[PDB]
Amino acid sequence: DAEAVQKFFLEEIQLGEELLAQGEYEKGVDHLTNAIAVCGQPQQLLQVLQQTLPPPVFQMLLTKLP
Amino acid sequence: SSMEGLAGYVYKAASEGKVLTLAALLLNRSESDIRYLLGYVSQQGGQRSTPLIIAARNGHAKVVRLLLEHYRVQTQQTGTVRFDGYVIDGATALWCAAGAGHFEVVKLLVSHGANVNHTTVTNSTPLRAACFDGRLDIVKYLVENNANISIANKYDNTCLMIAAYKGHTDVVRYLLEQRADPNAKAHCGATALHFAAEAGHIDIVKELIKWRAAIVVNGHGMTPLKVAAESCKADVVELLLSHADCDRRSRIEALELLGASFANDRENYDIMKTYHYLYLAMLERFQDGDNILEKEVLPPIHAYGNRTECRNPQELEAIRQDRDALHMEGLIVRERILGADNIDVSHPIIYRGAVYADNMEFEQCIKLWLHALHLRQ
Amino acid sequence: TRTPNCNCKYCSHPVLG
Ligand SMILES: [Zn+2]
Ligand SMILES: [Zn+2]
């Protein structure tokens, strides 16, 4: 269902945002992967995350790729 | 439409700082949808703002970087903002950044090709907003990237004038070094020197005199010396009298105005200074018995007790100890020196009336208030 | 409570601007 998919993507990105801001980096990366997997082509998404994130959480996220 | 609500989501994301959710909402859209959602003027809290300008206003630099680098949001899109209580129509993102003091966003916008000299409906450049807030870093960075210091605003107020009035001495020095005209006149003829003299910022006066500022008489008929005297700024009065070769009439006018203003200013109330300056001016009026500088006194004013201004040292010594007479003399001298020109001289009258009412001398309070109201009409 | 567009005490602008 497209409605559920879009709302889930937005929800996971928000959850990421907040968890990363709090200091819980790993659970935030988990929700970020939940969002990325349901993204049609997270090309520009990964490219943006390359800049808008610290290097270590980006490495954790890329280890969470599959 | 649902696209309008999605634009609302995008505006909320940009206004709060969430870069990830912003990129999520802007993901894989169409350039048509991109332009729509990023040009949608919203309206939250009496502010009409597009996502870029609300982000630049709230200082969310990473959001502005997303917008400028991954998309190409129009750099000169304009909106309406609110700074404290003021409403500002026709403001760009760079102006809001320079006003709110977000140096990072200012650099992000200037580097990506923003109009550094874009003007407000009040014709305010972002350089003027930076000079208002006193952010010398933003002022320097703007001037370095070819911002025009000469552009005045709605009422012909320059960046130098607003910098001198607010007290940012270092910004004033920087502007004066950058070939800013110190003798630039506003719509009424007032210079930055008038504004600096009113506020009492003496270091700005020193710097302006160092750069050879000219003592011009504005439309209100006031030399900066008269402005300093009227505002009970004795330090500025002494400095301006020392540097300028003021003729005896101007010096006596300044001394009398300064003395009279000390008599009914709530903040600077000092009767001893009142009498000192009035008596000094009188003595210098009578320095030469063969060349007495008489004072063209006004007719008796009933509200001031039908009293005539003292015309010789004896008449002034007669009221040396009469505090009420010194108050009335201050009011009389203020009205004689300022009342002819278009100046609102009513506030110290109302203050003296309020004091007399606090001491339950209602008759004199009502006389003074009636005279003030009659002067206003 | 003076206008921010003109820093002249002796003007008589309509507050606001
Ligand atoms: Zn004026
Ligand atoms: Zn004015």
# chains A, B, ... in the order shown; residues from 1 in each chain; ligands from 1
$ residues_near_ligand --ligand "ligand 1" --cutoff "7 Å" --atoms "only C-alpha atoms and all ligand atoms" --output "PyMOL selection string"
(chain B and resi 188-190+219-220) or (chain C and resi 8-11)
$ write_last_selection --atoms "C-alpha atoms" --output "PDB file, in the first residue's frame"
ATOM      1  CA  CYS B 188      15.711  65.756   7.428  1.00  0.00           C
ATOM      2  CA  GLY B 189      19.397  66.705   7.193  1.00  0.00           C
ATOM      3  CA  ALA B 190      20.577  64.822  10.283  1.00  0.00           C
ATOM      4  CA  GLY B 219      15.809  70.548   9.080  1.00  0.00           C
ATOM      5  CA  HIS B 220      14.757  70.735  12.733  1.00  0.00           C
TER       6      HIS B 220
ATOM      7  CA  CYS C   8      16.157  60.876  14.548  1.00  0.00           C
ATOM      8  CA  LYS C   9      14.569  61.811  17.872  1.00  0.00           C
ATOM      9  CA  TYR C  10      13.241  65.062  16.391  1.00  0.00           C
ATOM     10  CA  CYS C  11      11.303  63.499  13.505  1.00  0.00           C
TER      11      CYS C  11
END
$ interface_residues --of "chain B" --to "chain A" --cutoff "12 Å" --atoms "only C-alpha atoms" --output "JSON, numbers by chain"
{"B": [6, 9, 10, 13, 16, 17, 18, 19, 20, 21, 22, 23, 24, 25, 26, 27, 28, 29, 61, 62, 63, 64, 65, 66, 67, 69, 70, 71]}
$ residues_around --residues "residue 97 in chain B" --least-positions-apart "4" --cutoff "7 Å" --atoms "only C-alpha atoms" --output "PyMOL selection string"
chain B and resi 56-57+59+93+101-102+105-106
$ interface_residues --of "chain B" --to "chain C" --cutoff "10 Å" --atoms "only C-alpha atoms" --output "MDAnalysis selection string"
chainID B and resid 85:88 122:124 132 153:158 161:162 164:166 186:192 194:196 198:199 218:222 227 231 342:345
$ write_last_selection --atoms "N, CA and C atoms" --output "compact mmCIF listing (two decimals), in the first residue's frame"
# COMPACT_ATOMS: atom_id res chain seq x y z
N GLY B 85 9.23 42.93 17.49
CA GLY B 85 7.89 43.41 17.22
C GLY B 85 7.72 43.96 15.82
N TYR B 86 8.83 44.24 15.15
CA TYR B 86 8.79 44.84 13.82
C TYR B 86 8.40 43.81 12.77
N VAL B 87 7.65 44.27 11.77
CA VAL B 87 7.32 43.47 10.59
C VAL B 87 8.12 44.02 9.42
N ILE B 88 8.70 43.12 8.63
CA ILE B 88 9.59 43.49 7.53
C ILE B 88 9.08 42.82 6.26
N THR B 122 11.55 48.93 2.78
CA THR B 122 12.14 50.10 3.41
C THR B 122 13.53 50.43 2.86
N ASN B 123 13.95 49.73 1.80
CA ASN B 123 15.25 49.94 1.16
C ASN B 123 16.40 49.66 2.12
N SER B 124 16.28 48.58 2.89
CA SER B 124 17.30 48.18 3.86
C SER B 124 18.13 47.05 3.27
N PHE B 132 22.93 47.28 12.32
CA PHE B 132 21.96 47.42 13.41
C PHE B 132 22.30 46.47 14.55
N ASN B 153 18.24 54.04 3.12
CA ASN B 153 16.97 53.36 3.20
C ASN B 153 15.82 54.33 2.93
N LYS B 154 14.61 53.90 3.33
CA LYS B 154 13.37 54.66 3.18
C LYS B 154 13.55 56.13 3.54
N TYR B 155 14.08 56.40 4.73
CA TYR B 155 14.28 57.76 5.21
C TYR B 155 15.73 58.23 5.06
N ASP B 156 16.46 57.66 4.09
CA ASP B 156 17.85 58.05 3.80
C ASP B 156 18.77 57.84 5.00
N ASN B 157 18.59 56.72 5.70
CA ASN B 157 19.44 56.36 6.82
C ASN B 157 20.50 55.38 6.34
N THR B 158 21.77 55.74 6.53
CA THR B 158 22.87 54.91 6.08
C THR B 158 23.22 53.86 7.13
N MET B 161 24.92 55.68 10.04
CA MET B 161 24.04 56.34 10.99
C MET B 161 23.45 55.35 11.99
N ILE B 162 22.94 54.21 11.50
CA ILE B 162 22.37 53.22 12.40
C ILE B 162 23.46 52.60 13.28
N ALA B 164 26.12 54.25 14.34
CA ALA B 164 26.47 55.27 15.32
C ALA B 164 25.39 55.45 16.38
N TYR B 165 24.12 55.28 16.00
CA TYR B 165 23.05 55.45 16.98
C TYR B 165 23.02 54.29 17.97
N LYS B 166 23.23 53.07 17.50
CA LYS B 166 23.17 51.91 18.38
C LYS B 166 24.40 51.77 19.28
N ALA B 186 20.46 62.58 6.29
CA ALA B 186 19.21 61.85 6.18
C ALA B 186 18.18 62.71 5.44
N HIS B 187 16.92 62.27 5.46
CA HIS B 187 15.87 63.02 4.77
C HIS B 187 15.64 64.38 5.40
N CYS B 188 15.89 64.51 6.70
CA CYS B 188 15.71 65.76 7.43
C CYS B 188 17.01 66.53 7.62
N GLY B 189 18.12 66.04 7.07
CA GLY B 189 19.40 66.70 7.19
C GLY B 189 20.26 66.25 8.35
N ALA B 190 19.80 65.29 9.15
CA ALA B 190 20.58 64.82 10.28
C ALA B 190 21.69 63.89 9.83
N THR B 191 22.87 64.06 10.42
CA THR B 191 24.01 63.20 10.16
C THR B 191 24.11 62.12 11.23
N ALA B 192 25.06 61.21 11.03
CA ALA B 192 25.36 60.24 12.07
C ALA B 192 25.86 60.92 13.34
N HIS B 194 24.63 63.71 14.70
CA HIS B 194 23.45 64.02 15.50
C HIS B 194 23.00 62.81 16.30
N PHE B 195 22.89 61.66 15.64
CA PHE B 195 22.43 60.45 16.32
C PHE B 195 23.40 60.03 17.42
N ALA B 196 24.70 60.11 17.15
CA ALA B 196 25.69 59.75 18.17
C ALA B 196 25.64 60.72 19.35
N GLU B 198 22.93 62.39 20.41
CA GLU B 198 21.72 62.13 21.19
C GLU B 198 21.93 60.97 22.15
N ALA B 199 22.44 59.85 21.65
CA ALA B 199 22.59 58.66 22.48
C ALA B 199 23.68 58.81 23.54
N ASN B 218 20.35 70.39 10.83
CA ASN B 218 19.32 69.61 10.17
C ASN B 218 18.07 70.46 9.93
N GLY B 219 17.05 69.84 9.34
CA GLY B 219 15.81 70.55 9.08
C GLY B 219 15.12 71.03 10.34
N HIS B 220 15.32 70.32 11.45
CA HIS B 220 14.76 70.73 12.73
C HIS B 220 15.50 71.92 13.34
N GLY B 221 16.51 72.44 12.66
CA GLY B 221 17.27 73.58 13.16
C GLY B 221 18.08 73.26 14.39
N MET B 222 18.89 72.20 14.34
CA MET B 222 19.66 71.75 15.49
C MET B 222 21.05 71.31 15.06
N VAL B 227 21.84 69.08 19.88
CA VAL B 227 21.28 67.76 20.16
C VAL B 227 21.86 67.20 21.45
N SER B 231 19.78 66.67 25.16
CA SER B 231 19.70 65.31 25.68
C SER B 231 20.52 65.11 26.95
N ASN B 342 10.34 72.98 14.63
CA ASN B 342 9.37 71.88 14.69
C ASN B 342 9.96 70.77 15.56
N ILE B 343 9.78 70.91 16.88
CA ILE B 343 10.30 69.97 17.86
C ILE B 343 9.24 69.74 18.92
N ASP B 344 9.07 68.48 19.32
CA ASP B 344 8.15 68.14 20.41
C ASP B 344 8.86 68.37 21.73
N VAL B 345 8.60 69.53 22.34
CA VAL B 345 9.24 69.92 23.59
C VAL B 345 8.35 69.65 24.80
$ select_by_dssp --residues "range 73-313 of chain B" --states "helix (DSSP H, G or I)" --output "number ranges by chain"
B: 93-100, 103-111, 126-133, 136-144, 159-166, 169-177, 192-199, 202-210, 224-230, 234-243, 248-261, 271-285, 302-304, 313
$ residues_around --residues "residue 64 in chain A" --least-positions-apart "6" --cutoff "9 Å" --atoms "only C-alpha atoms" --output "VMD selection string"
chain A and resid 29 to 30 33
$ atom_distance --atom1 "CA of residue 7 in chain B" --atom2 "CA of residue 84 in chain B"
26.4 Å
$ atom_distance --atom1 "CA of residue 120 in chain B" --atom2 "CA of residue 92 in chain B"
8.1 Å
$ atom_distance --atom1 "CA of residue 229 in chain B" --atom2 "CA of residue 241 in chain B"
10.8 Å
